[PDB]
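Coming up are structure 1 and structure 2: the same protein chain in two forms, each one given alone as structure tokens.
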Structure 1
């Protein structure tokens, strides 16, 4: 049942809206994994074979494995379409001849599958949930007794194969264009690892890439509306028409993103002592280089007065 074209950042043209939004949950004690804000992509994860209610209550680990593989293959195929058509927010920016943001999206969904199966899934997500309980039962009955350790070992034992589903799907795309010859290793010869394993970090990094890309889109729109003629617009007396409109859209945007930033920044910096949320985003995404997060999301009252449009207050005046 299902696993259709993605819609998490809006439907693919001629499709209208249907976009999903980041869902932030109050993070209590976090000793193992978690994650503060759930990505729209994660909410659109192709589960189908696994769930819709669990559909693996009485399956064997071998059949569980084939379903996971099928889900991963389809997810990769669907994400390719979503970024290729330039519908995903992170694909809009610029563009092997892989669509912009596609590899990052696939890596993130792979990590989401891993965490959903290991039971170490950040915020107990509605659709999945009880799915993890049945996984543990299937594994416990299907493997030699030495419970969370057995599921972990099982995943490690099949991880290479699951990643090959991604590589295989990438090569299967070689039925479309001859602009590039995909060998399947474009998104990495091995699955994501390191800090990317921690779903909390993966989600925050995704939030940051999207945020920075949208910020640049607002900047371009602002520049086109506030800087023609020779220089001025709404410098003069106050902010005029088109320039004010674009600047106001940005102010509104930052206002909405502030809550998401605070929660993720706090969770990340408290778990990774010494490391800064700003560095994490700037070291990973080119789009975040020009973003001064501390300035953009400053809580001072003097800030909203002196800089009504945040970091773009000078272009907006």
Structure 2
């Protein structure tokens, strides 16, 4: 029982672009935004996912003429409907973004090749992305995310106001209660959107429970896990390129030194690692002194099979000898001669 045969579409939410435009479009990708002088929940710093920066807020926000809150005067009933619509649409757009192989986490180790569907017949990464967006909605509603958008910080604040004047007084604690009271219905918007994939897809039959019967499952931890999944997938793609370019044993004389395609693919990864390093240090540090006795490396490796071969301490090692002895990090031996 869903509005499966009921076509609904909303302004403000276009096809995703956070990891780049869908082909034949190109570029337009977002980057991880790490800020120093912000607080995420309780502790200092944060790295905001490209996906979060692309979140569909649908009819909650009016982008026209400089942008304004579209929920200043709403009942909590109308607000709930607008959230549900946004969640539904986000799910639909995330499906497209992953089905087309555009999202980094939907990609295969190989170029042009598709990531293998997960094990219920949905595109690789789709459920993870949908789960992460749901967590972002919850935190926006609770007013417990980040104050990075003056307009989304404004949404946390307008939501809070609707709830207070629309519920019996006893309060952000009423906001917590209201969220818990609608959570199931909000997740049913995801489940419904998934059900509507049957109209679109012949890999399986979709009952709507494939990304979980219940919603998932600390926003900073969710964001870091997302960072990790993306990092580890990208790393394995760097590895394939290196192995394709360097393997073939062609090493031009000087021992011998790496040359041509090999040197170039190897240099790309070294560059990649140097750019990700700052993101890793920031998030690792935040996580490991919030969660005492817990390891950032463990968090990623228990969750994502792509991270298993990643030795994070080696990869992001800031020691003196590593720079000279391992010019291309953990891939220095593939990036060598004989």
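The term rigid core refers to the maximal set of C-alpha atoms that superpose within 1.5 Å between the two forms. Positions refer to the first chain, counted from 1.
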{"query": "Identity of the moved residue from 30, 251, 282, 65, C-alpha shift 2 angstroms or more, core fit between structure 1 and structure 2", "finding": "30"}
{"query": "Core superposition between structure 1 and structure 2, C-alpha change of residue 127 at least 2 Å", "finding": "yes"}
{"query": "Angstrom displacement of the CA atom of residue 178 between structure 1 and structure 2, core fixed", "finding": "2.1"}
{"query": "Residue 300 CA shift between structure 1 and structure 2 in angstrom, with the core used for superposition", "finding": "1.1"}
